[PDB]
Each structure stands twice: as structure tokens, then as C-alpha cells.
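Protein chains in written order, with PDB author numbering: chain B2, 24 to 54; chain w, 2 to 68; chain W, 2 to 68; chain w5, 2 to 68; chain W5, 2 to 68; chain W1, 2 to 68; chain w1, 2 to 68; chain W2, 2 to 68; chain w2, 2 to 68; chain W3, 2 to 68.
The next block holds one structure in the form of C-alpha cells; read it before the comments.
Laid out in C-alpha cells, this is it:
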């Protein structure tokens, strides 16, 4: 595909969401 | 003679803007007057001369954007 | 007689820009004064004579666009 | 006799352009002044006396378009 | 008796614009000067006397359109 | 040679500001005049020379916001 | 050396303000004229270096509203 | 030295206001000139140093409204 | 000492008004050139010193309307 | 002393208007000039003291309207 890779001329070039478990993405700052 | 004339022009700009663009000179029995130029024109002349000259980078191709 | 013409005109532009276009001279009784021009008009004269003369391409056509 | 002033005025322009159009000259009681003319009206005077004389083509009939 | 003034006017036009309309003279006690006219009005003056004189057409009328 | 160039400009500013930048000097038979430049021109010139030279930071980047 | 010349600049403003900014001075064949600045330019100029130096506050962080 | 500075500037206004500010003074072979400051600018200067010095109040904080 | 300047200023106003405000008095080898101010700002100075002077009333509290 | 003040103003207007406002005099090195005054402000000056002094009514108030 094309959307997920880099984006239209940079676009979201630096956007790198760290795919993790929902607990790994919620529990740290859960409180 | 690009480098020579560019350096000469820069030095002329420096002395002119500080104190030393001799407008006219008179010694009793004789006098001459060198014409006076602006400063923005001299600066843009300097800029075009240097970008024409084989010196290093001075400009950048616009700019991009990214989140 | 255009190449030496353009060379002399460019030298005149350079000296006028820096310090060396004398407008009025005078020797204790004998004096002359020359009409003074601008800088932009002189530069455009330089440009038009240079493009008319046998010197090679300097200004290109309009820029296109591709995705 | 149109090319003579064509050459004369064109030569005068370059004479005017660089440094040499004498506005006035004085010699110890013998002095005359010549009225000055700007470069613009001078060039726009150069712009027609040559086209009405047998000078070569220099203007073209508008411009067409085609896909 | 209009052609000579027309000739005089354009002759006055040519030298005035190049270098040779004397604004004032000086003879160490015998000096005079004249009012200086612009170049725009002179071109109008030569134009209006040009048409009124027995010279033929120079500027036609309107313009036609057809497909 | 930028550092002393800045220092000269630094000096050339303050002296001009108060009383010291002399327009011209006359010595009964010998005199020279220098073109006067705007105070704004000095500040622009001294600033751009200041930023380009080796001295430390003066102006930072654009300011952000946060609640 | 900022502070002492800052006071001198302040003094020069006071001298300029009332009557004491000497523009030119003439002796028998000896004259010099210094370049003359405005008043506002000096006022902002003196304002420029008083903030940069260590003297007391003259500026405060805007102003907020409470009720 | 503010208090006498107040007196000096205030007096400097008065004599200038009527007739008595000397723009320049000439004694044969020895003349000096002073830059002619405006009148409005001085009053701002007059207004500026009186409030900043220990002089008493001269202006109060806006004005409310009541029915 | 308000009345001193107040009387002096109005006398100067009248003096300046008709013919007597002398900007320069010349005696051979002795030139003294005073500065001059406009009539308006002169009246403004008149308009200020008298109201802060405890003289008679000259101002009124706007104007209300009654049917 | 308003009446003679007014009387002096009256002649001041009339003499200035016709031919008699003396700009300057010159007694072979004993010369003096006076600051010129406009005509409107003088009329304004002559207007204000006219009503201000005990002179008769010269301008009534508003204007009614009846069918």
C-alpha cells in the first residue's frame, strides 16, 4: 500500500505510533 | 575578476555605511564629486554579485512541512 | 561594436556602484558636470544589451509543474 | 537622413548611460548649460524613429494559441 | 508656411533630446537663459502641426473586425 | 575580519547617535565630504553582520504556547 | 563599557533636547559639521541599551484581569 | 540631577516658546549652529522625566461611572 | 512665577502676531538667529500655563439638555 | 489694553494685506527680518479678542425655524 508507509511527500513522515497492547498503552498513565 | 570586484564592493559598502564614502573632495583650485548611491541597491548588488560568483551556498530551496 | 560596449557599461555600473562615477570636475576656472542616471535604469540597460548581444542564454522560459 | 540621428541618438544614449552626457561646461566666464532629458523619454524616442526608418523587424503581431 | 516650423520643431526636438538645447549661455557679463520645455508637449506640438500641415495621412481611423 | 568589522560598526553607531559622525570637514583650501547614511541602515547592517559572525546567540526561534 | 556610554548617550540626549547639540562650528577657514540624528531614534536607541544592561526594571510582563 | 534637569528643560521650553532659543550665533569668523528640536517632542520629554522623577502626581487612573 | 511667563507669552503672542517676532538680528560680523514656532503650538503653551495657573475660570462642564 | 491690542491688529491686517507687512529691512549690514504670519490665523487672532473684549455683539446664536 501507500498510505501507511510514509505519506504524501513526507506528510506523516515522523509519525511512528508504537503499536503495543492496550494495557501497555493505558496502564502507565491510567490514573 | 569576480572575487576582486566583489571584495572591493563589499569594502566600499563597509566604509560608506560607516563614515567613508567621500562625496566630493576639494583642494583649493580643484574639486571633484563622486556620485552617491543608495544602500539597499548596493546591498542587492552585493547579493547578486556573490550568488553569481562561485562562492558557497547562501540560499535554500523554500521549505517543507511535516507533522 | 557591442561587446566592448557592454563591457564598458558593466564597468561603469561597477564603479558607480562602488565609488567611482564622478559627476562634477573643476580645475580653478574650467569645470564640467555630467547628467546623473539612476541604478535600476542602468541595470536594465545592461540586461537588455546583454540579451541582445551574442552572449549565450541567461534567462530561460517559464517553469512547468509535475506531480 | 534618418539613420544618422539613429546612430547619433543611440550613441548619445550610451554616452548618456555611462558617464559622458555633459550637463554643462564652464571655462572662466565661458559657460553654457544644456537641458537634461531622462533616460525613459530618450529610449521611448529611440523606440520609434528606427521602426519608421528601414531598420529590420523588431515587433511581431500579437501571439496565437494552440493546444 | 508651416513645413519649415515643422522642420524647425523636429530639428529643435532632435538636438534638444540628445545634447544640444542650450539652457543658458555665459560671457562674463553677457549671459542669458531660456525657459525649458518638456519632451511630452514638444511631441504633441510637432504632432498637431504635422497633421494640420499639407502632409498626408499618418493615423487612420478605428479598426474593423471580422471572422 | 568580521569581528573588527562589527567593532567598527559598533563604534560607528554610538558616535553617530550622539554627536560624532562628522558629515564634512573644511580646512581653508582643503575639504572632503562623506555621504550620510540612515541610523536604520546601520542597525540593520550591524545586526546582520552580528548574527553571521562568530558571536553567541542573540535571537532564538519562534515562541510556542501551552496551557 | 556599556554603562558609561549609556550615561553619555543620555547626556547627549539632554544636550540635544534643550540647546546643546552642536551641528556645525566655524573658525577662520576651519569648519566641521556633524551628522544630525532625530530625537525619537535616539530615544529608542537609548531605550535599547538600558534594557540590555543590568539596571533596574522598566518593563513588566503584560497585564492580567481578575474579578 | 533630575530636579535641575526639570528646571533646565522647562526653562528651555519657555525661552524657545517665546523667542529666545538661539538656533545659531555668528561672530565674524567664529559661528556655531545647533540642531533645532521641535516643540511637541520636547513636551513628551518634559512629560517623561517629571513623572519618573520624585515630582508629585499629575495624572490619575481613568474614571468610573455611577448612576 | 506663573504670571511672569503668562504675561510674557501673551505679549510674545501679540508681538509675534503683528510684525515684531524677529528671527535674526544682524550687525556687521554679529549674526544671532533665533528659532521660531508656529502660532498654534504657541497658543497651546498659552492654553496650558494659564489653566494650571489659579486665574479666573475659563472652562465649563460640558452641556446638558432640558426640554 | 485689549482695545489698542485690537487696534494694532486691525492695522496689522490691513497693512499686511495691501503692501506693508515688512518681511525684512537692510541698512547696509544693519539688517533684521521678522517671522511671517499667515492670514487666517491673524484673522482668527483678531476674531477671538474681538468678542473677548467689551466690543459689541458680532455673532448671534443658532437660528430658529417657523412655518
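Virtual Cβ for every residue (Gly too), placed ideally from N, Cα, C.
Requested in this report: Report the three-state DSSP secondary structure of residue 33 (chain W1) (helix, strand or coil).
Outcome: On the sixth chain, residue 33 (chain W1) is found 32 positions in, with the first residue counted as 1. Note: residue 33 (chain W1) maps to strand in three-state DSSP.
Query raised in the report: Excluding the five sequence neighbours on either side, which residues of its own chain have a C-beta within less than 8 Å of the C-beta of residue 24 (chain w5), listed in chain order?
Result: Locating residue 24 (chain w5) in the fourth chain gives position 23, where the first residue counts as 1. Cβ within range, chain order: 34, 35, 37.
Query raised in the report: Listed from N- to C-terminal order along the chain, which residues in the segment 6-39 of chain w2 have their beta-carbon within a distance smaller than 9 Å of any beta-carbon of chain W2?
Result: 6, 9, 10, 12, 13, 14, 16, 17, 22, 23, 24, 25, 27, 29, 30, 31, 32, 33, 34, 35, 36, 37, 38, 39
Query raised in the report: Roughly how many whole angstroms lie between the Cα atoms of residue 40 (chain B2) and residue 27 (chain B2)?
Result: As a working note, residue 40 (chain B2) is residue 17 in the first chain. As a working note, residue 27 (chain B2) is residue 4 in the first chain. One C-alpha to the other measures close to 11 Å.
Query raised in the report: Leaving out five residues before and five after residue 7 (chain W3) in sequence, what residues of the same chain have Cβ atoms less than 8 Å from its Cβ?
Result: On the tenth chain, position 6 is the one that residue 7 (chain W3) refers to. Excluding residues within five positions, the ones whose Cβ falls inside 8 Å are 47, 50, 51, 54, 56.
Query raised in the report: Who are the neighbours of residue 67 (chain w1) on chain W1, taking C-beta pairs under 9 Å?
Result: What you label residue 67 (chain w1) is simply residue 66 of the seventh chain in a count that begins at 1. Neighbours of residue 67 (chain w1) on chain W1: none; closest Cβ ~18 Å, over 9 Å.
Report task. Apply the 10 Å Cβ neighbour rule to residue 20 (chain w2) and answer buried if 16 or more other Cβ atoms are within range, or exposed otherwise. Result -> Here the question's residue 20 (chain w2) lines up with position 19 in the ninth chain. Residue 20 (chain w2) should be labelled buried.
Report task. With DSSP as the reference, label residue 38 (chain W1) as helix, strand or coil. Result -> Mapped onto the sixth chain, residue 38 (chain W1) falls at position 37. Note: residue 38 (chain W1) maps to coil in three-state DSSP.
Query - Closer than 9 Å to chain w by CB, residue 49 (chain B2) - result: Translated into positions along the first chain, residue 49 (chain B2) becomes position 26. Not one chain w Cβ lies under 9 Å of residue 49 (chain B2).
Query raised in the report: Buried or exposed: where does residue 31 (chain w5) fall if 16 or more other Cβ atoms within 10 Å of its Cβ makes it buried?
Result: Sequence index remark: in the fourth chain, residue 31 (chain w5) carries index 30 (1-based). It is exposed - the Cβ of residue 31 (chain w5) has fewer than 16 other Cβ atoms within 10 Å.
Requested in this report: Would you list the residues sitting across from residue 27 (chain w5) in a DSSP beta bridge?
Outcome: Residue mapping note: residue 27 (chain w5) aligns to position 26 of the fourth chain, counting from 1. According to DSSP, residue 27 (chain w5) bridges with 32 (chain W), 32 (chain w5).
Report task. Specify the secondary structure class of residue 56 (chain w5) as computed by DSSP and reduced to three states. Result -> Position 55 of the fourth chain, counted from the first residue, corresponds to residue 56 (chain w5). Correct three-state label for residue 56 (chain w5): coil.
Query raised in the report: To the nearest angstrom, how far is it from the Cα of residue 59 (chain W2) to the Cα of residue 4 (chain w2)?
Result: By one-based count along the eighth chain, residue 59 (chain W2) stands at place 58. By one-based count along the ninth chain, residue 4 (chain w2) stands at place 3. Rounded to the nearest angstrom, the two C-alpha atoms are 21 Å apart.
Query raised in the report: In its own chain, which residues sit with a C-beta less than 8 Å from the C-beta of residue 16 (chain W2), not counting the 5 before and 5 after it?
Result: Counted from its first residue, the eighth chain places residue 16 (chain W2) at position 15. Correct list, in chain order: 22.
Requested in this report: For residue 11 (chain w), I'd like the list of residues in its chain whose CB is within less than 7 Å of its CB, leaving aside the five on either flank, ordered along the chain.
Outcome: If you number the second chain from 1, residue 11 (chain w) lands on position 10. Closer than 7 Å at the Cβ level, and outside the excluded window around residue 11 (chain w), lie 47.
Query - Integer Cβ distance of residue 18 (chain w) from residue 42 (chain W1), believed to fall under 8 Å - result: The sequence position of residue 18 (chain w) within the second chain is 17, counting from 1. The sequence position of residue 42 (chain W1) within the sixth chain is 41, counting from 1. Indeed, because the Cβ distance is near 6 Å, the residues count as touching under 8 Å.
Query raised in the report: Is residue 34 (chain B2) helix, strand or coil by DSSP?
Result: Within the first chain, residue 34 (chain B2) is the residue found at index 11, counting from 1. Three-state DSSP puts residue 34 (chain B2) in coil, outside helix and strand.
Query - Whole-angstrom distance between residue 53 (chain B2) and residue 63 (chain W), CA atom to CA atom - result: As a position in the third chain, residue 63 (chain W) is number 62, starting the count at 1. As a position in the first chain, residue 53 (chain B2) is number 30, starting the count at 1. Between the alpha carbons of residue 63 (chain W) and residue 53 (chain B2) lies a distance of about 58 Å.
Query raised in the report: Cα separation between residue 68 (chain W1) and residue 65 (chain w1)?
Result: Mapped onto the sixth chain, residue 68 (chain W1) falls at position 67. Mapped onto the seventh chain, residue 65 (chain w1) falls at position 64. If you draw a straight line from the Cα of residue 68 (chain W1) to the Cα of residue 65 (chain w1), it comes to about 15 Å.
Requested in this report: Following the continuous alpha helix (DSSP H) through residue 2 (chain W), name the residue where it begins and the one where it ends.
Outcome: For the purposes of this step, residue 2 (chain W) is taken as residue 1 along the third chain, with counting starting at 1. DSSP places residue 2 (chain W) in no alpha helix (DSSP H); its state is neither H nor E.
Query - Secondary structure of residue 21 (chain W2), DSSP reduced to three states - result: Taking the first residue of the eighth chain as position 1, residue 21 (chain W2) is located at position 20. If DSSP states are grouped into helix, strand and coil, residue 21 (chain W2) belongs with coil.
Query raised in the report: To the nearest angstrom, how far is it from the Cα of residue 83 (chain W5) to the Cα of residue 40 (chain w5)?
Result: Here chain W5 has residues from 2 to 68 only, and residue 83 (chain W5) is not among them.
Query - residue 9 (chain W5) - DSSP class collapsed to helix/strand/coil - result: On the fifth chain, position 8 is the one that residue 9 (chain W5) refers to. In the structure shown, residue 9 (chain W5) adopts helical secondary structure according to DSSP, grouped into three states.
Query - Inter-residue Cα distance where the pair is residue 14 (chain w) and residue 13 (chain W1) - result: Numbered from its first residue, the second chain carries residue 14 (chain w) at position 13. Numbered from its first residue, the sixth chain carries residue 13 (chain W1) at position 12. Each residue's Cα considered, the two are about 14 Å apart.
**Report entry** Inter-residue spacing [alpha-carbon to alpha-carbon] between residue 37 (chain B2) and residue 61 (chain W)
**Finding:** In the first chain, residue 37 (chain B2) corresponds to position 14, counting from 1. In the third chain, residue 61 (chain W) corresponds to position 60, counting from 1. Taking the straight line from one Cα to the other gives about 37 Å.
Query raised in the report: What did DSSP end up calling residue 43 (chain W3) once you bin it into helix, strand or coil?
Result: If you number the tenth chain from 1, residue 43 (chain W3) lands on position 42. In the structure shown, residue 43 (chain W3) sits in a helix (DSSP, three-state: H, G or I).
Query raised in the report: From residue 9 (chain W2) to residue 26 (chain w5), what distance separates their C-alpha atoms?
Result: Residue numbering aside, residue 9 (chain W2) sits at position 8 when the eighth chain is read from its first letter. Residue numbering aside, residue 26 (chain w5) sits at position 25 when the fourth chain is read from its first letter. Straight-line spacing of the CA atoms in residue 9 (chain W2) and residue 26 (chain w5) works out to 54 Å.
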